[PDB]
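Heads up: the structure comes next, in structure tokens.
What follows draws every value from the coordinates through simple rules; no lab data is involved. Here Cβ is always computed from backbone atoms with ideal geometry, including for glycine, and neighbour counts include all displayed protein chains.
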Amino acid sequence: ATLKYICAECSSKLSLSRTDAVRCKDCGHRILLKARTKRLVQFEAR
Amino acid sequence: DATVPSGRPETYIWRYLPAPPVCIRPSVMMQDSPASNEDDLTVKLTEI
Amino acid sequence: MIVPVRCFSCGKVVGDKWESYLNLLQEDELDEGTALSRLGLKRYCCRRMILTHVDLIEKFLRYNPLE
Amino acid sequence: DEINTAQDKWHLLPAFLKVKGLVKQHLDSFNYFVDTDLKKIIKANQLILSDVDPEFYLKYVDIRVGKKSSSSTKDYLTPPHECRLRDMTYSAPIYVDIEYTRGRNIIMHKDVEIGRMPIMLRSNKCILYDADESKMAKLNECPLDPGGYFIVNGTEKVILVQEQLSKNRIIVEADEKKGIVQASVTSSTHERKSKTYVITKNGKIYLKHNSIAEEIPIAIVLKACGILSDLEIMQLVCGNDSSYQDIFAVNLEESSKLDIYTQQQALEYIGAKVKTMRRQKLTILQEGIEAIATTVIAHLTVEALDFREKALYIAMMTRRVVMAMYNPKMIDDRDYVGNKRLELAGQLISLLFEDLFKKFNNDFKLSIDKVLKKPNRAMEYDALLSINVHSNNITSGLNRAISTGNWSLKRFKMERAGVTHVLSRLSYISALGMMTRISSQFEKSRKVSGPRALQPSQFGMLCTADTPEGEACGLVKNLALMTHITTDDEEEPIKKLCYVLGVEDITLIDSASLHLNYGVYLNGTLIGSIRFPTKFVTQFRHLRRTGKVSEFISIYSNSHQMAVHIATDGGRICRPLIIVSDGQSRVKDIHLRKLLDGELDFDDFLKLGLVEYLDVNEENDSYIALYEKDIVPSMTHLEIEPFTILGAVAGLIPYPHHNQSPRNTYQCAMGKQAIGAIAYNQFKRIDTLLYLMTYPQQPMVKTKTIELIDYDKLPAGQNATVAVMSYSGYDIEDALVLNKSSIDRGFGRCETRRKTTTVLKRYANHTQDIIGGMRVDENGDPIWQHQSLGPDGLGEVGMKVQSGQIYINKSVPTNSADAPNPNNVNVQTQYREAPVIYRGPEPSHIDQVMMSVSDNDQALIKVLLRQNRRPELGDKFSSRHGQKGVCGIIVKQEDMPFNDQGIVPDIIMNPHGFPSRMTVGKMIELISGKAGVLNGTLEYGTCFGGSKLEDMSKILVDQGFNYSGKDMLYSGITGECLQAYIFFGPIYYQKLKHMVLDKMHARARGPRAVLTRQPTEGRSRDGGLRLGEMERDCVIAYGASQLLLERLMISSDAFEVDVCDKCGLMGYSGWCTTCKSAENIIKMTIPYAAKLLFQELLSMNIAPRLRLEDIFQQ
Amino acid sequence: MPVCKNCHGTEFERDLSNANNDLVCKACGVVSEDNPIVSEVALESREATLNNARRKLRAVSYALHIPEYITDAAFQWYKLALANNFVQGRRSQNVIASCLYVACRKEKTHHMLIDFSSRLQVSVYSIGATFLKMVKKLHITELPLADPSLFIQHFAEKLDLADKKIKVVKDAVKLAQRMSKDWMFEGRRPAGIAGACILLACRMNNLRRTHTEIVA
Ligand SMILES: [Zn+2]
Ligand SMILES: [Zn+2]
Ligand SMILES: [Zn+2]
Ligand SMILES: [Zn+2]
């Protein structure tokens, strides 16, 4: 979705509160990436 | 040669030991957290 | 990764024929050299990349997010 | 389809490698360790008992790793790859079972953790072990990573196979002067101890053992060794007649001039000269004073109870030195592998273990004393959970070792370092390149050229194709493709067996030996000197190849030296190959259909008596042929394939047998730097500096060695259609010239991946370092210096980040190191923001960021940055064949030849390189390439073999291309026929590290080091370069004064010192300060290194007083 | 900190572009310092006792697998604890015990004073004594509030079962939450209601575990 970031194994949309926990709400599995930014970005193919 | 700028063979043996400057023996960067690393001469003579 | 979209010399588009290549090999079992030829690449530098180029992208898609 | 007896042996090497793996060295020794040597070490010390409370004991019983007796594999552990992201240390816990003494009727037990062991990926106990392509997915990890490397602290490291000189063995060295030292250094368990022996002077020869004071005449010791007959010494160590008679008796003299009769006093001469027992225990000052040493001096090789063995052992050793004093040569260098025994991680980690575990016990005692000192009630107390608190010294200490490489062994008092490494992943080849690398160590000083060169005995048991320049304090080699490093086997059974064959015990022996047969040496220890040596041999070898005591326990006869050796030692190199009984082999060619069916495989031929493992000794005694095509029924064995000799790295090179070897050496020193696809888990893992390529391709000509390392499923390189011509004039030495509109079409494009770890840590003030950010002044937009973040303050995915921006915002607390008090109300919140800035010559992109928690529960943030480098001018390329070069002008498209098809040679390469480097292998590889792409078949090539060139022609000539690789071309510039033929086809050019955009460097005036105040070193920190005394002299020859004064004076440290003419010394501003003046000081300039040299000196007591004079007017 | 010798502006910026690293003002552009010099690369009764207390302290620390971090905070409490000579005539254990316990409370972590004690002979009382005693001397009040939400975690891991417990966790806590508003929560060893709610949701998750193995 549009919210902040993702688990590793759960691969689930996860929004986190400021200083809440490093866990993922669903799985007990810890590490979490940061999902893609919705903001535009420019490349020049050449 | 003694026209006594030095004043004879008695200074050869230590009496007053010359402490070197700080810029010769710089305390290592204070770094994050209290202990900055010593820098040799700062420990030897400070033990002497 | 993916078959390039042109060779590194000619500039004929190879991006297309990789699908039609492999399909043409598995179904209709037929030898390499004859295959690529009637697939339409006579020049050999155009040809290598079909022949060469292991396709990794499959072996890279085992690791996707969702599983 | 009858399989050809010629090549069908090929099907061996895979089946060999298929079940028993490529990298099994690091596995087996490990899997042997955890499954066995633990059950030994504790069986050594199973009882710790204080001196107090005579009723107590602590009795270990079993050791287990990960298995508490619930399931076979541990019910839960942490997956290794995911364990690599958190900076954790991949671990399986230790389990021990104990017996106590606590209170009346206990003697109870449990299953307890003493700590955690860093096991090894794809060992027995690993989660990855025996998991096929599915768990691989769910565990998010590579299928093709060979494993065998540890992982600790999140970094990724390897124990490197460590060569060591033969231990517990004879060696005899001669020298100018000297007198031919002999040495035997024996070790097992306790007390690794050397014993030298040599002549001191002029036929008068002595034992030096540092346990003794100085020396003893060998006649004395040998008497005291319990052979008392004297003159029969001569009959023993000397021989019958030859020359040897005189040379030894000269020695035997000086025993007569002194003392005799070991019955009491001849021993007493020794203990008389031994050092003290250090007070207590001296009680043994006796005639049995030294009777201890005569069985344990150095040699723990024999010891025992009566003396005759060690006696005659030291004797037979004394023979070989007087044999050397007769004539030089006829001795033992330390070079050929049989005199050197490498050793794996198996014995290493135990030796380290039993130390750490030993300290664990010694100190856990002293902790069990504190409780039992001062009586409280009746002191019982579990006296058991105290292992938890007093542990880790086993674990954290172990991690310290395995990661750092400092091994401090208190028990041997022997320290070694540089023993592990970061496993360098620049390629799939390097993955197993660091893996299987022999690190030689010691080597005394460098100045001896002996332990350097490549000995012909090395054939096929070590890679001949790399000995790179990282030599320094050591040497680096690699194994072959087929080697099985023999483990420890056993002794007593092979001993009693040897008797069973009818060898006669030394005690029965004539005490005249050397004349009769040879003698039979177990591990370099004399036993029987049996009758009929050769028949004994053939009998024994016949047993090994079928019935009993297999693999190692090699055997070889000997002639000049009269001996037959049975060696049981572990840690030794062996190799496979086929026995030929009578004329032909034992294969019989129907056995291989019986093989490739899959119901047969390998390690089944031993039980069928076909192939077995020789040894450098054994094979030296044996006789081998290359091809089945040539046999004579004088033979023994034939190699299964010749190209097993080139290493896993070396097997890459196509047609190596056409080169000159230094090219293959530089190639084994390159290909591991070829950028590549790494592993399938590539994008998911986050590494420190990881290159990788956009469009990798199979090298057009493979080698039967490549396919078996799966190198074509992770190819590193581009396959470039490449003329050979002089073009431009930007070419010259090795410098390539690339092709625009080609390089732009996706040729040779690179990516690069960096990680920036920022650990967040809480401070004792209870204040957390915070990532908050995004200032955003002036109406809804962040400052450009900021930008690239997003609301979170952390960096964000996929956005272009440019030079001086901030890809992670970080701020420390200001008071963090203050003294925490129970006093606060409002502000803990003052922060010093010290964000890490991006700095680099190019832009880049943030692809992926990781927020996680470390093992100890402290916040962790890791981002990784990427950029795809276009292969800019100045980028090292290789031909994989030894050509090492940099691109020149990048021409456009239109330029350079084309010919009839229209194709444009992509790389174009200077001809000159081939003749002077004299490498025709490549120049065949080109043919094989063009022939390949026509038939549409990958066409092979390999060391001593490969596609026969003369048919390659036939494949081309009908399809229109010249019977040899040459063809016409049209110079792009003019457009008229090139006046000479040109030669081109596909070649595989791999692109290397040393991308230029890294390596270019410049400085205007940068930072200076505090101490010398002259510019700092190298790339990274900041600029500045070296003028060495080797170089500095140069400008003197030209005679330039002003260039130096600009150079080592103005431009580096320009400095004004204020000195005092009277009594010359320095001083600041106005004062001389030794003489308070503020008058006689004169301002002048001088290199700050020179002042620093004064204040250095004058600190030490010495006084560079400066007498001065004015420049002008005399 | 300093001011431009000309523009008299206070805003200074160190330009990292060209590998000078000069410090300059955004005002007139004059440099403050070029050439950015950087660095690189006894007998006391108190040293003995103190560093001995980092020894004994760090000992009991990783036994409980607490953060090594917190040890330094606790230790310095011990430092301040020695300042009042409160630490002199008592059992060294009970002293450093509370000295660590007060720390791990100040961080709101899961270690319960009962668990902390059983390393010893001790009655979970003598420790209860010393702790509550240093509450007086060193003046501290507000910080140490123990709560259920923490104990269930460290429990939950040791409870075996399976990944379901996470749900159970999410289950149990909301349970324990209402019990606090159910106004039965005060006047109780928080471990009691902890294992209680755990057993509750576990039964609610239809998994059968004994009463013993819980209180384990
Ligand atoms: Zn999750
Ligand atoms: Zn083409
Ligand atoms: Zn002066
Ligand atoms: Zn200014």
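Data for the structure
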{"item": "Check on E:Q76, within 12 Å of chain D (Cβ to nearest Cβ) and closer than 30 Å to D:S70 by Cβ", "result": "no"}
{"item": "Residues that are more than 26 Å from D:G676 (Cα to Cα) and more than 10 Å from chain D (Cβ to nearest Cβ), drawn from the stretch C:1-38", "result": "C:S20, C:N23, C:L24, C:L25, C:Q26, C:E27, C:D28, C:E29, C:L30, C:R38"}
{"item": "Within the stretch D:395-431, tally of residues that are within 21 Å of D:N362 (Cβ to Cβ), of a type outside the set (K, R) and more than 12 Å from chain E (Cβ to nearest Cβ)", "result": "11"}
{"item": "Qualifying residue in the stretch D:211-222 (condition: closer than 30 Å to D:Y711 by Cα and either part of a loop (DSSP other than H, G, I, E, B) or out of contact with any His (no Cβ under 6 Å at 6 or more places or on another chain) (or both))", "result": "no"}
{"item": "Criterion (away from chain B (no Cβ under 14 Å) and either within 14 Å of ligand 3 (Cβ to nearest atom) or loosely packed, with under 14 Cβ neighbours inside 10 Å (or both)) met by exactly one of D:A1037, D:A1103", "result": "D:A1037"}
{"item": "Residues of the stretch D:679-692 classified as more than 9 Å from every other protein chain (Cβ to nearest Cβ) and within 28 Å of C:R47 (Cβ to Cβ), total", "result": "1"}
{"item": "Candidates E:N84, E:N20, E:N35 - the one that is buried (at least 19 other Cβ atoms within 10 Å of the Cβ), within 13 Å of chain D (Cβ to nearest Cβ) and more than 22 Å from the chain's Cα centre (by Cα)", "result": "E:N20"}
{"item": "Pairs where the first residue, in the stretch D:1055-1081, is within 12 Å of chain B (Cβ to nearest Cβ) and of a type in the set (S, T, N, Q) and the second is assigned to a loop (DSSP other than H, G, I, E, B) and within 16 Å of ligand 1 (Cβ to nearest atom), C-beta under 6 Å, 6+ apart", "result": "none"}
{"item": "Top-ranked residue in the stretch D:825-855 [being of a type in the set (G, A, S) and in a loop (DSSP other than H, G, I, E, B); ranked as surrounded by the fewest Cβ atoms within 10 Å (Cβ to Cβ)]", "result": "D:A834"}
{"item": "Any hit, the stretch D:372-383, residues being part of a helix (DSSP H, G or I) and either crowded, with 18+ Cβ neighbours inside 10 Å or among the acidic types (D, E) (or both)", "result": "no"}
{"item": "Residue check for D:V812: facing another protein chain (nearest Cβ under 8 Å) and under 23 Å from D:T752 (Cβ atoms)", "result": "no"}
{"item": "Residue, surrounded by the fewest Cβ atoms within 10 Å (Cβ to Cβ), within the stretch D:1066-1080, restricted to residues that are under 58 Å from the mean Cα position of the chain (by Cα) and part of a loop (DSSP other than H, G, I, E, B)", "result": "D:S1069"}
{"item": "Residue that is farthest from ligand 2 (Cβ to nearest atom) [pool: residues in the stretch A:25-46 that are touching a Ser or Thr at 6+ places or on another chain (Cβ under 7 Å) and more than 8 Å from chain D (Cβ to nearest Cβ)]", "result": "A:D26"}
{"item": "Residues (within 27 Å of D:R1008 (Cα to Cα) and either surrounded by 15 or more Cβ atoms within 10 Å (Cβ to Cβ) or within 16 Å of ligand 3 (Cβ to nearest atom) (or both)) located in the stretch D:1048-1065", "result": "D:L1048, D:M1049, D:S1052, D:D1053, D:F1055, D:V1057, D:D1058, D:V1059, D:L1065"}
{"item": "Any hit, the stretch D:146-164, residues being farther than 18 Å from D:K310 by Cβ and within 14 Å of chain C (Cβ to nearest Cβ)", "result": "no"}
{"item": "Which listed residue is more than 16 Å from the chain's Cα centre (by Cα) and more than 9 Å from every other protein chain (Cβ to nearest Cβ), from B:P34, B:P9", "result": "B:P9"}
{"item": "Answer from E:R58, E:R105, E:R90 - the residue that is in contact with a helix residue (DSSP H, G or I) (Cβ under 8 Å, 6 or more places away or on another chain), of a type outside the set (G, A, S), away from ligand 2 (no atom under 16 Å from the Cβ) and part of a helix (DSSP H, G or I)", "result": "E:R58"}
{"item": "Residue in the stretch D:278-292 that is in a helix (DSSP H, G or I) and hydroxyl-bearing (S, T, Y) present", "result": "yes"}
{"item": "Residue match in the stretch E:37-53 (condition: more than 16 Å from ligand 4 (Cβ to nearest atom), in contact with a helix residue (DSSP H, G or I) (Cβ under 6 Å, 6 or more places away or on another chain) and assigned to a helix (DSSP H, G or I))", "result": "yes"}
{"item": "Check on D:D363, in a helix (DSSP H, G or I), of a type in the set (D, E) and out of contact with any strand residue (DSSP E or B) (no Cβ under 8 Å at 6 or more places or on another chain)", "result": "yes"}
{"item": "Residues that are loosely packed, with under 15 Cβ neighbours inside 10 Å and of a type in the set (D, E), drawn from the stretch D:794-824", "result": "D:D818"}
{"item": "Flag for C:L41 being facing chain D (nearest Cβ under 7 Å) and crowded, with 17+ Cβ neighbours inside 10 Å", "result": "no"}
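The rows are residues; the columns are (1) under 26 Å from D:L344 (Cα atoms); (2) assigned to a loop (DSSP other than H, G, I, E, B); (3) in contact with a helix residue (DSSP H, G or I) (Cβ under 8 Å, 6 or more places away or on another chain).
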| residue | (1), (2), (3) |
| --- | --- |
| D:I578 | no, no, yes |
| D:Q584 | no, yes, no |
| D:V587 | no, yes, yes |
| D:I590 | no, yes, no |
| D:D603 | yes, yes, yes |
| D:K607 | no, no, no |
| D:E612 | yes, no, yes |
| D:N620 | yes, no, yes |
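Every residue, every condition in (1) touching a strand residue (DSSP E or B) at 6+ places or on another chain (Cβ under 6 Å); (2) of a type in the set (A, V, I, L, M, F, W, C), yes or no:
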residue	(1), (2)
D:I212	yes, yes
D:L252	no, yes
D:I260	no, yes
D:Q265	no, no
D:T283	no, no
